[PDB]
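First to last, the sequence lines map onto chains Z and A. Position in the first sequence (first residue = 1) + 3263 = full-length UniProt numbering. Position in the second sequence (first residue = 1) + 3263 = full-length UniProt numbering. Following: one structure in structure tokens, then a few remarks.
There are 2 protein chains.
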Amino acid sequence: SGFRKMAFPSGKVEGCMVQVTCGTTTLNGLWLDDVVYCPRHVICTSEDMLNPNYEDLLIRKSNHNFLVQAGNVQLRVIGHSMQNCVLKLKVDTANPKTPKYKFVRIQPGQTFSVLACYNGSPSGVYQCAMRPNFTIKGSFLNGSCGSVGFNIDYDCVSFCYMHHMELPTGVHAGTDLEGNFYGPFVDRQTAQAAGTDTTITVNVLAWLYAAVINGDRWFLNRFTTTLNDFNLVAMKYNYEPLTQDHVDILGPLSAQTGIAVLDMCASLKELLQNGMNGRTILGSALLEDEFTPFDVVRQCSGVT
Amino acid sequence: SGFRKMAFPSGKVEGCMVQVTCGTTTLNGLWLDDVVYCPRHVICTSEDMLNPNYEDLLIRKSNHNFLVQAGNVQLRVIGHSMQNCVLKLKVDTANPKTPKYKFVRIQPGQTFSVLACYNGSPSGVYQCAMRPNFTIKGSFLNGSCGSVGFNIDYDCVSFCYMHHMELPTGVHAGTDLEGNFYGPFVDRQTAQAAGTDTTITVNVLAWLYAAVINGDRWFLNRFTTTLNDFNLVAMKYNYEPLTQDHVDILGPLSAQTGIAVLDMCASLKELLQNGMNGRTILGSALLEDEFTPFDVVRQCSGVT
């Protein structure tokens, strides 16, 4: 029993973190096989970030300008290239701690763990979600760029995020491991505003199923709804429209608890319309949306 | 910017997790040097847990009855002993992945990370706190016993908790690594009820300082209070009495933000008396108490 915001064990990713310095800028790199991946803005000064021409700035850099250090040991850079917004630094040594891995580009609504690092050293791990506006709400200070987001399936790490910037509103933006930003964000210090931070409806429903499994059931009611009626309420409250695909994804949780998906939607509709009246669900006073249906099944069954 | 519930990187602890089986019971063990630590209730059946005589049950066990497996490799047990509620299984091989470590017994109010495991395999990591009633609010299913709680200071892991049981109310109880339970709990399936789950006042204040540092300041007001006046309100709301020691511990956060501790107490007093009026602080709709002042400084400064 119990339900917590859980991150994946970070060991496999800790073994991949290195420090990358170019000139006066130091950030984190990810060392997989004989390649180190890092944000291309490691080649920028704070001044360059205002309007950087990355191809032009990169012409002034040679392999020996990229200082890569794994713990106390220096890595030899034998090649460098820019792929979208990431630099790939080829080193002469394969990381002996390279886990089985994949690079995946996640969809909004999906969760992942972040290993926040500074100077190539891990500081902490936390679980977050790709928001529908393509930002993440992380905890990143100066020096955290290059920290990565990932999911694990038994022994394979799927890297999905690399941290690049903080918007003036305190939210975070980054790329996948191919260097493509999530959403419309760019690696330039400009007016970049985030869109509506809508609530991930399917994740809130999954978390309500987790609450029922773990004993919190006060919000269950005598009502039902339809997908279209629920979506009229979802629109009003800036929740993502629920689709038949979301209903199908919630099938296993519905089967386990015996609560039909649309009945849980009616519970959620009442919670949106009436609030929680000073009560809590799984220790929260708001509707939590950063647990996917897969996260709920995984945590409730103890997948290793 | 940003403030998240962050756990320590779990790699150093992942390298210590093993599976321990005795008869039909399988749980987790912690392998440090040539000793494996695990809950003594690994020697019990579900029936034995009702009224176990551990010394008597242990007489029927020999070294070869304790099956210890680290990944796919079996460990040879050359001795066993019971220390309070933990068993220490001496093995013939020192764990090559033994980090620098200490065993510490934490005080209520202190936080730690838990690496939840099943069959000696890590499933997830999350941050929690020793509650004032000596329970923890974790996420533990059957098979999670022997999962540990820890803190890290640079390269030294301080182990503080080992999971042993779940009370009928869904909260968790366990021991330090010397086998002494936190609080009055016992390793017997009996009516064990938890006391009042009071709120850790000093941690709520530290989290309000984190909120100010990270931009959330709507709750700051024109008022001040005294330790005695604040404590009249703390008593009414089941909050721990604030002491001069707590005020002194908050000194660095007070110096950083320029907000006197007693002024923050007056903000907290207003929040307790009037609620949050549908507003949030650091993405929470309730007053968070599982970040210590040290956690706030650590996260806000990026300690690795």
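Note that CB positions come from ideal geometry on N, CA and C, so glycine has one too.
Contact between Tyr-3381/A and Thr-3567/Z holds, since their C-beta atoms are separated by about 5 Å, short of 8 Å. Note: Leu-3430/A is not bridge-paired with any residue in the DSSP secondary-structure output. If you check the CB distance, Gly-3437/Z and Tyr-3424/Z come in under 7 Å. Here DSSP, grouped into helix, strand and coil, assigns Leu-3550/A to coil.
At a Cβ-Cβ threshold of 7 Å, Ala-3456/Z and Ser-3410/Z do not count as neighbours. Segment contact: the region 3265 to 3275 of chain A against the region 3319 to 3338 of chain A, fewer than three CB-CB distances shorter than 8 Å; contact not assigned. Interface annotation, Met-3269/A: in contact with chain Z, CB-CB separation under 7 Å. Within its own chain, the residues whose Cβ lies closer than 6 Å to the Cβ of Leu-3483/Z, once the five positions on either side in sequence are excluded, are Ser-3530, listed in chain order. A straight-line Cα-Cα distance of about 39 Å links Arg-3303/Z and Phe-3422/A. Residue-level contact check: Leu-3352/Z does not touch chain A, since none of the beta carbons of chain A fall below 7 Å from its beta carbon. DSSP places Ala-3518/Z inside the alpha helix (DSSP H), whose first and last residues are 3514 to 3520. Between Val-3281/Z and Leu-3290/Z, the C-beta gap is not smaller than 7 Å, which leaves the two residues out of contact. Assigned with DSSP and collapsed to three states, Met-3425/Z falls in strand. DSSP places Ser-3530/A within a helical segment (H, G or I) once states are collapsed to three. Per DSSP, reduced to three states, the secondary structure at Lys-3351/Z is strand. Interface residue (Cβ-Cβ distance to chain A less than 7 Å): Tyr-3502/Z is not classified as such. Look at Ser-3410/Z here: in three-state DSSP terms it is coil, with no helix or strand label. Checking the DSSP bridge columns, you'll see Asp-3416/A partnered with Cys-3419/A. With a contact defined as Cβ atoms closer than 8 Å, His-3435/Z and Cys-3408/Z miss out at about 10 Å.
Note on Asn-3540/A: under 16 other CB atoms within 10 angstroms of its CB, so exposed under the neighbour-count rule.
When the alpha-carbon of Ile-3512/Z is set against those of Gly-3546/Z, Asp-3526/Z, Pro-3556/Z, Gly-3478/Z, the nearest one is in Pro-3556/Z. Assignment of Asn-3291/A by DSSP, reduced to helix, strand and coil, places it in the strand class. Contacts with chain Z at 7 Å (Cβ-Cβ) include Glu-3429/A.
A Cβ-Cβ distance of about 11 Å is found for the pair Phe-3448/Z and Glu-3429/Z, leaving them out of contact under the 8 Å criterion. Runs of the alpha helix (DSSP H) lying entirely within the region 3279 to 3325 of chain Z and spanning at least 4 residues, in chain order: 3317 to 3322. The Cβ neighbour count for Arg-3339/A, taken over all protein chains shown within 10 Å, is under 16; the residue is labelled exposed.
A buried status is given to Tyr-3445/A, since no fewer than 16 other beta-carbon atoms sit within 10 Å of its beta-carbon.
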